[PDB]
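Those protein sequences? They're chains A and B, same order as listed. Numbering-wise (UniProt numbering), the first sequence opens with residue 2 and increments by one. Numbering-wise (UniProt numbering), the second sequence opens with residue 214 and increments by one. One structure is given below, encoded as structure tokens.
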Amino acid sequence: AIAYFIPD
Amino acid sequence: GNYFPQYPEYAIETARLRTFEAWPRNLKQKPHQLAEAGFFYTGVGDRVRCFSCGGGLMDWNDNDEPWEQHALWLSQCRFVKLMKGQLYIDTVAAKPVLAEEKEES
Ligand SMILES: [Zn+2]
């Protein structure tokens, strides 16, 4: 899977 | 205090499971696994977000394990730390297949 959003 | 779940409304896994109502039957990762890993369905494609860290994961591969992908890409997550522990988070990142996955992008 790919992280489309990683916590700032 | 200081830490607080990004999505308090989805802190209850029972509520997370409910969001997977329209989850593609197609996918190998099942609602129970994803919800237990702290994710709730965004309702779009195969995109899911973690109630705790707010991180978003998509494009799931056949052999992906919800917990591993969670710990791999969102290692600072308080929910992962709480449920799986620090050792697990470290070990996940050392597995060849996952290590390369993280190095790729
Ligand atoms: Zn998380």
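Backbone N, C-alpha and C define an ideal beta-carbon position, used for all residues, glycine too.
Less than 8 Å between the CB atoms is what I'm expecting for residue i and residue j, so what's the real figure, rounded?
i	j	result
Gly251 (chain B)	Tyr5 (chain A)	Actually they do not touch by this definition, with Cβ atoms about 16 Å apart.
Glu249 (chain B)	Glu222 (chain B)	Not quite, the Cβ-Cβ distance comes to about 17 Å (not below 8 Å), so this is no contact.
For residue i, count the other beta carbons within 10 Å of its own beta carbon; 16 or more makes it buried, fewer makes it exposed. Which is it?
i	result
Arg238 (chain B)	exposed
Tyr216 (chain B)	exposed
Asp277 (chain B)	buried
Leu287 (chain B)	buried
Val293 (chain B)	buried
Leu300 (chain B)	exposed
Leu247 (chain B)	buried
I need the boundaries of the alpha helix (DSSP H) containing residue i, first residue and last residue.
i	result
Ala4 (chain A)	Careful: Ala4 (chain A) lies outside any alpha helix (DSSP H), inside the beta strand (DSSP E) at 3-6.
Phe292 (chain B)	291-297
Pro279 (chain B)	279-286
Thinking just about the alpha-carbon of each residue, which of the options is nearest to the one in residue i?
i	options	result
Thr255 (chain B)	B:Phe233, B:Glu281, B:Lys294	B:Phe233
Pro218 (chain B)	B:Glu281, B:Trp273, B:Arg291	B:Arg291
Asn274 (chain B)	B:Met296, B:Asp259, B:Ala306	B:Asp259
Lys308 (chain B)	B:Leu230, B:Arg229, B:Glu281	B:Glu281
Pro279 (chain B)	B:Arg231, B:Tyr220, B:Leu240	B:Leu240
Just to confirm, are residue i and residue j a CB contact at a threshold of 8 Å?
i	j	result
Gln289 (chain B)	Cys263 (chain B)	no
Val305 (chain B)	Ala284 (chain B)	yes
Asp272 (chain B)	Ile7 (chain A)	no
What residue does the beta strand (DSSP E) around residue i start on, and which one ends it?
i	result
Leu270 (chain B)	269-271
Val310 (chain B)	No beta strand (DSSP E) contains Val310 (chain B), which is instead part of the alpha helix (DSSP H) from 309-317.
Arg231 (chain B)	Careful: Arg231 (chain B) lies outside any beta strand (DSSP E), inside the alpha helix (DSSP H) at 226-232.
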